[PDB]
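Architecture at a glance
Listed below are the residues making up each chain.
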Amino acid sequence: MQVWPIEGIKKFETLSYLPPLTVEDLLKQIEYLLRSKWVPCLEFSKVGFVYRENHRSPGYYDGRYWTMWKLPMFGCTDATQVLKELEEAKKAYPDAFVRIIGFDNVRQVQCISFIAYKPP
Amino acid sequence: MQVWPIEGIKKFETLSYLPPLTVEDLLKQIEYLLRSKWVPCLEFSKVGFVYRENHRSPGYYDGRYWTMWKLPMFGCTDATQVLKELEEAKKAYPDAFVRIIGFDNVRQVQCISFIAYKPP
Amino acid sequence: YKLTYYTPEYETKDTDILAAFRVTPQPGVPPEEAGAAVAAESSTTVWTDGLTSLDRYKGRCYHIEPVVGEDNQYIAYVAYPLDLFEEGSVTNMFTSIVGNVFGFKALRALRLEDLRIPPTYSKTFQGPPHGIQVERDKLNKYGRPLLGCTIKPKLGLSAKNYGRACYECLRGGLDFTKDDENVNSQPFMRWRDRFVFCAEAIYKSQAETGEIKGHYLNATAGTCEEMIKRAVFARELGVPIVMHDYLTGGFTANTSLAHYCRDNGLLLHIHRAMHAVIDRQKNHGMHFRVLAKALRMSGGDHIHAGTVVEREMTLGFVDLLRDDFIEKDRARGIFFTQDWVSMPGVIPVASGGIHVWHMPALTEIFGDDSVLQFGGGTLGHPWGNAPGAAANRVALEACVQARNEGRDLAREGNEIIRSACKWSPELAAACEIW
Amino acid sequence: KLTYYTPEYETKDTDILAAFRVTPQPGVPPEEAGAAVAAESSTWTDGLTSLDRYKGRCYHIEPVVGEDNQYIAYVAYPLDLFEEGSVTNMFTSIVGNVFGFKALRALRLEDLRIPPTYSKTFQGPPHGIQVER
Amino acid sequence: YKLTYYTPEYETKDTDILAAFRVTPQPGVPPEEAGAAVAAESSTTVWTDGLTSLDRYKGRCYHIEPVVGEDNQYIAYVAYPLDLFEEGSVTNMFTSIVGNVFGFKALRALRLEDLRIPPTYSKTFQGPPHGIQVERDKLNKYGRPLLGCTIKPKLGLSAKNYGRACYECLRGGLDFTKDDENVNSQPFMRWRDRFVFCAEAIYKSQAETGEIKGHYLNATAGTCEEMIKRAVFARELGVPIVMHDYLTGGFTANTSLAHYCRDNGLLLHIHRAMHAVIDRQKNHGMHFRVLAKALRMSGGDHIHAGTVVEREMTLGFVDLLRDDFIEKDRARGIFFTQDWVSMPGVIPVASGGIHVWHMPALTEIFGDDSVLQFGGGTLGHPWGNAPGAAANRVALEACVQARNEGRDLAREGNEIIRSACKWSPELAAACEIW
Ligand SMILES: NC(=O)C1=CN([C@@H]2O[C@H](COP(=O)(O)OP(=O)(O)OC[C@H]3O[C@@H](n4cnc5c(N)ncnc54)[C@H](OP(=O)(O)O)[C@@H]3O)[C@@H](O)[C@H]2O)C=CC1
Ligand SMILES: NC(=O)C1=CN([C@@H]2O[C@H](COP(=O)(O)OP(=O)(O)OC[C@H]3O[C@@H](n4cnc5c(N)ncnc54)[C@H](OP(=O)(O)O)[C@@H]3O)[C@@H](O)[C@H]2O)C=CC1
Ligand SMILES: [Mg+2]
Ligand SMILES: [Mg+2]
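Residues numbered from 1 in each chain as written, not as in the entry; some residues may be left out. Chains lettered and ligands numbered in written order. Part of a larger assembly, values for the part shown. Heavy atoms only, no water. Residues with missing side-chain atoms left out of burial classes, pairs and counts.

This deposited entry lists X-ray crystallography as its structure determination method and 1.90 Å as its resolution.

Okay, here's the thing in structure tokens:
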């Protein structure tokens, strides 16, 4: 019988319970977005989790928004292009978490979000 | 005349005002639970005291719940079995507090809680 | 008269509320007569009739056809004028359409299968306090079905022991934990005490994992004053979601709660207790899809939709609950093209004997916009609630990853799960017991 | 049957009793159907309480005269399961889930024995026959 | 008539409220006559009697027997129909049963010894705002009696100096400190000021020790508006417990306070000031057990139960206050089998000249579900309040540990305490003065 850890395994929603993704697995998820006609975008933060500082009313949380890395990659057809931006972000902010999100102009909304990099 | 300490003697409710229990004294308390037909269970935490972060309304406190070590030891008849789990917990989490609690299916409730280990 | 109420050449108006009834006439009652009766008895000689125009207030059967269901059974389509209904009142809609006709002697049995809610009527309802999109944004969750677990045992646990189970389940990977439908306020556990301990559990698990957590706190009560009193304290605690059993509590009360949740930013989880009393039998009652459309109108963010382990019928009302425009498809129980004119959708909740091995199918059938509610599926894990929740969260994400890569969940389901067992001891242990 | 079929259980003056007309699916014995009705309409964490204290129980089963495969199952629910003054909770607790059980082809609640201990928690009619007159 | 009201063959109904009266008839009054009078005078010729059925509203003496108490004394059992009582009103119960009969000329003296509260009546009362179990869970305290100290001197201290004493006592190991029953709001110390400083003390001691602390803030007032105003501010301060003198304040007011505490999560400590005016004499009045059952019904989480240094009588009403089912046992003052049908129990509070040496006996007699309230027992410690509290906390835990190991507290009490003095200088110093 194993006891589920209480520290060191903080999460980042969808896919964060799987082992660290390889470059190939990461590419596949990006391609999923592209094939689905969704727009990929990178976000980064030095704080990786939600908290409540300014309010505690229903539905209000701080730490949900992260910072946008450049802009949504509209018209992207090459998943490796996203990887390139991911690498640049990691170089500019090695001590920051970086996640990949996706937008749909059809559903007019954010519909994707998965961690892509975590600092040492 | 001696002045009661203001630091270093934080408490953990029942039995925490007695000197550190020996393995023998600890076994006796466990046996008490078993003879009383109560189910022993271990809980651990890196934070050992109550606090108020999310609310300050009457009866609300944070830090009351700790984390369950595995599951309640139903059908336990050998107190040393509890000691074994206590030792495993200490090995896996030496920097964590570990307390032994007991449940009664009759009173349908938690009725026991005493510290069993404190980190250095 | 058959042709006062049976009007086979009538063209439905874009403002009419349409109904599809499965009618079983008594022996000796012609289908045209049965249809006319259904329309007449669910709508409109006395001198007062001369002080108005009864024709503008009568319901009318514009079509009837023998159904493939069984013995002397037919589907009768009835059209009701917009003016018969009180704006924003599901209660009045039900009263007007199913309040009297089911007891008519000339009918051996009757079941309401569907309703075409025109935009002119639906626009008079607030609808879901938030809806699928808002909820995902509020909780910051995307790309996968949500996960939850109902606390067990149902009754008998102290409020604190109840919260303990909540915390362990949530910290393991589940997004929500939940009060059983029967859990309101009782001698063994008063509601306020439960709200206090579940709040501690919600926040402890959230701080530990870094992910937003919630627990559907049941506000269902004996009176509207009590129901609101519970919602108000949840509001004070700042938790994200509450719960209501809309059928046992009722539509008048549910609508009030939905309004409170909208005014206070609370998500509303809806349990469908007692639905089987009404929607089980094919020959008499009201099909769940009608009860589902009614809930979307009255207001709810989540609604229980049953299990997947008939499929087409379930998928049918799932679309009716989530989509903006659903095309007529009788093969899936959709008797009318339904346009919701942007009313938010409701997240369907799948629960009932589901475990890790069902993850591929569930993800496949429902897609991301759903809540997979477990019971023993998580609480029955050999290592406890936290490991059980982890096993379910891992199993789900493994399915999502595989689906996203283009794999076939319906055919590769077992392999996907078996493969995930390799790096997840928790999942492996779960796959050994189930 | 089960933990749920107790044909010699003596109902308590505080129990809420239910009389269900049950139509079992082919191959489902009346005893099992009755126990199921009681189990499905009531009940590692179970070790923190007493399941017997909160279980609904079928204490009597009988066939329906003149009916094919139809029985009346009597079930007793402990007083503690119900919220005082709430008809909503009484309906939720007794008929909220059991009517969809696959082992049953059909199910109808025929009557309910409302114990004085529970009814005294309800205001009841605002006035009643005598006051109205 | 003796046999209109004296019905020795009457079988009590499960819905009747039964009463056991200790009756002392005047010389020349037969016991049957006295019993009939007690029943008749505490219940039901005018023509209006013919507009109803007096038989269904009369109380009746179904049994009378000479008692072993003293000179011409008897225990008369009276049965009252359920319909005579207003639901949820202890006030009406008292009015109906003891409102008039005690002044009857044919009776030299009368004392109400017990009452059988049927489930049909008790279920109409909220009862304790929380009860034993909930309180333990809320405060996270298990396995031992709770400890408290009443601040002294009673009156004369400034609000701040009062809070200072609170903090020192609490930081030493006590779970609670408390306002004397006489401390409400006076020239030397207004209530709001006391609440402010005691709140600072509660939180300072809690942060220092890491254990949940409380102070019974007395809300007893001249009016219900003032009483609630005090409860409301305690609620604002977020403290865990308030206090009320239910007998001097009254049942109508106590019930309202109990409801407020339930609606706001506040524990309610109940002091029994003035009880001796009513329950001291064996020949006339009302025994405390009746006042105790009344409090459990009206509402309270703690209730003073006296000291242990007659024992059997105390243990008797202690069970009546904490247990769910208490079997008839006249040897312990229990004249009727009492079933509370899950109404929460009340924690009994022992206070009055108790010190460290009494810990073994107190723990032995009351068990874990009690509050041991000291006075000089802690405030009289040679080193001050903190050391005094520590001595009492150590003494108590030493007793608990020994009891848990199977030792006999009643026989090994002194050795257990003496042994603990070896490692606790604070306890040693306390054992030298007392
Ligand atoms: N350890 C053990 O002894 C075992 C325990 N169990 C397991 O325990 C778990 C219990 O949780 P689970 O079943 O998932 O969910 P729940 O018991 O929480 O039920 C959730 C929903 O399932 C439906 N439901 C369940 N029972 C019935 C019934 N009697 N009739 C009609 N509908 C029913 C209802 O759906 P709706 O509201 O939509 O009508 C209900 O709302 C499962 O995993 C089950 O396999 C079973 C075997 C072994
Ligand atoms: N330093 C000194 O000068 C000394 C001081 N004292 C000590 O000071 C302490 C005072 O606190 P303590 O007595 O514990 O409690 P309190 O004085 O706080 O009294 C608590 C309860 O004791 C009961 N009580 C006390 N006095 C009486 C009385 N006159 N008549 C009836 N009942 C009474 C009441 O019980 P209820 O409400 O149940 O009726 C009262 O509620 C003790 O330890 C005492 O021994 C005494 C000797 C020496
Ligand atoms: Mg349920
Ligand atoms: Mg006093």
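1. Some thoughts on the interface of chain E and chain D
The interface of chain E with chain D comprises 9 residues on the first partner and 10 residues on the second. Buried surface at the junction of chain E and chain D, summed over both partners, amounts to about 810 Å²; 56% is from carbon and sulfur atoms. On the chain E side of the interface with chain D, the three residues burying the most area are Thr120, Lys123 and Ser342 of chain E, jointly 56% of the side's total. Linking chain E to chain D there are 2 salt bridges. A salt bridge links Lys123 of chain E to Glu84 of chain D, with the nearest nitrogen and oxygen atoms 3.1 Å apart. Run the count over chain E and chain D and you get 3 residue pairs in polar contact. Partitioning the side of chain E that touches chain D into residue classes produces 3 nonpolar, 3 polar and 3 charged. (Contact = heavy atoms within 4.5 Å. Buried area = accessible area lost by both parts, 1.4 Å probe. Salt bridge = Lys/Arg side-chain N within 4 Å of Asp/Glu carboxyl O. Polar contact = N/O pair within 3.5 Å; in protein donor to acceptor, adjacent residues only side chain to side chain. Nonpolar A, V, L, I, M, F, W, Y, C, P; charged D, E, K, R; others polar.)

2. Some remarks on the coordination of the magnesium ion (ligand 4)
In ideal tetrahedral geometry, four donors around a metal make angles of 109.5 degrees, whereas ideal octahedral geometry with six donors gives angles of 90 or 180 degrees. Residue and element names in this part refer to chain E. Around the magnesium ion (ligand 4), the protein supplies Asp180 (OD) and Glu181 (OE) as donor atoms, at distances of 2.0 to 2.4 Å. Overall, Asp180 belongs to the buried group, its relative accessible area being 3%. Residue class for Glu181 comes out partly exposed when judged on its relative accessible area of 22%. (Donors = N, O, S within 2.8 Å, 3.2 Å for Na, K, Ca; no water. Buried < 20%, exposed > 50% of the residue type's maximum accessible area, 1.4 Å probe, protein only.)

3. Topic: the coordination of the magnesium ion (ligand 3)
Coordination of the magnesium ion (ligand 3) by the protein comes from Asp180 of chain C (OD) and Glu181 of chain C (OE), over a distance range of 2.0 to 2.4 Å. On the basis of relative accessibility, which here comes to 6%, the residue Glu181 of chain C falls in the buried class.

4. Some thoughts on the interface of chain A and chain C
The interface is formed by 37 residues belonging to chain A together with 45 residues belonging to chain C. Taking both sides of the interface into account, the surface hidden between chain A and chain C amounts to around 3,600 Å²; carbon and sulfur atoms contribute 53%. Its largest share of buried area at the contact with chain C, chain A owes to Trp4, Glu13 and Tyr17 of chain A, together 22% of the area lost on that side. On the surface where chain A and chain C come into contact, there are 3 salt bridges. With a closest N to O distance of 2.9 Å, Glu13 of chain A and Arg144 of chain C form a salt bridge. Seen at the junction of chain A and chain C, the total is 17 residue pairs in polar contact. Counting residues per element, the ones that place at least two in the side of chain A that touches chain C are α1 (23–35) and β4 (109–117) of chain A. Split by residue class, the side of chain A that touches chain C holds 19 nonpolar, 8 polar and 10 charged. (Helix = DSSP H or I, 4+ residues; strand = E, 2+ residues; numbered from the N terminus.)

5. A look at the packing of aromatic side chains
The final tally for this structure, using the stated rule, is 54 aromatic pairs over all chains. Pairing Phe12 of chain B with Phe49 of chain B gives two aromatic rings, centres 4.9 Å apart and planes at 40°, and the pair type is tilted. On the criterion of sequence distance, the pair formed by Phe12 of chain B in the segment before α1 (23–35) and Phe49 of chain B in the loop between β1 (39–45) and β2 (67–69) is long-range, its members being 37 residues apart. Summarising the burial analysis for this pair, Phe12 of chain B and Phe49 of chain B share the class buried. Note on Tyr77 of chain E and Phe336 of chain E: the rings are 5.6 Å apart at their centroids and 85° apart in plane angle, and the pair reads as edge-to-face. The ring of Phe288 of chain C carries the charged tip of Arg272 of chain C above its face, separated from the ring centre by 4.4 Å. (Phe/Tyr/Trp six-rings, centres within 6.5 Å; stacked < 30°, edge-to-face > 60°. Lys NZ or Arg CZ within 6 Å of the ring centre and 35° of its normal.)

6. Brief notes about the site of ligand 2
Residues and elements named next belong to chain E. Looking at ligand 2, the residues that line it are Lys152, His271, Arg272, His275, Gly306, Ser351, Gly352, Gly353, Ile354, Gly375, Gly376 and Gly377. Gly353 has a polar backbone atom sitting 2.7 Å from an oxygen atom of ligand 2. Bound to the protein, ligand 2 loses 42% of the 900 Å² it would expose on its own. The residue makeup of the shell around ligand 2, split by class, is 1 nonpolar, 9 polar and 2 charged. (Near = heavy atom within 4 Å. Areas by Shrake-Rupley, 256 points an atom, 1.4 Å probe, with all protein chains shown as cover.)

7. Observations concerning the pattern of salt bridges
Considering all chains together, one arrives at 82 salt bridges over all chains under this definition. We note a salt bridge from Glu113 of chain C to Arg22 of chain C, for which the minimum N-O separation is 2.7 Å. Assigned by exposure class, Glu113 of chain C and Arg22 of chain C land together as buried. The partner of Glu211 of chain E in a salt bridge is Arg393 of chain E, and the shortest N-O contact between them spans 2.9 Å. Overall, the relative accessible area of 2% leaves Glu211 of chain E in the buried class.

8. Looking at the sheet that holds strand β5 (residues 146–150) of chain E
All names here are of chain E. Around the barrel, 8 strands lie side by side as β5-β6-β7-β8-β9-β11-β14-β15; this closed barrel has parallel pairing. Strand-to-strand twist in this sheet, taken as the mean axis angle between neighbours without regard to direction, amounts to 30°. In terms of strand pairing, strand β7 (residues 214–218) meets strand β8 (residues 241–245) through 2 bridges, oriented parallel. Directly across from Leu217, in β8, lies its bridge partner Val242. Each of β8 and β9 (267–271) is contacted by helix α10 (residues 251–264), which is oriented at about 155° to β9, the strand it contacts most. Across the sheet, helix α14 (residues 359–366) is in contact with β5, β14 (347–351) and β15 (371–374); its angle to β15 comes to roughly 145°. (Pairing = 2+ DSSP bridges. Axes fitted to C-alpha atoms, helices over the stretch in contact; angles between N-to-C directions.)

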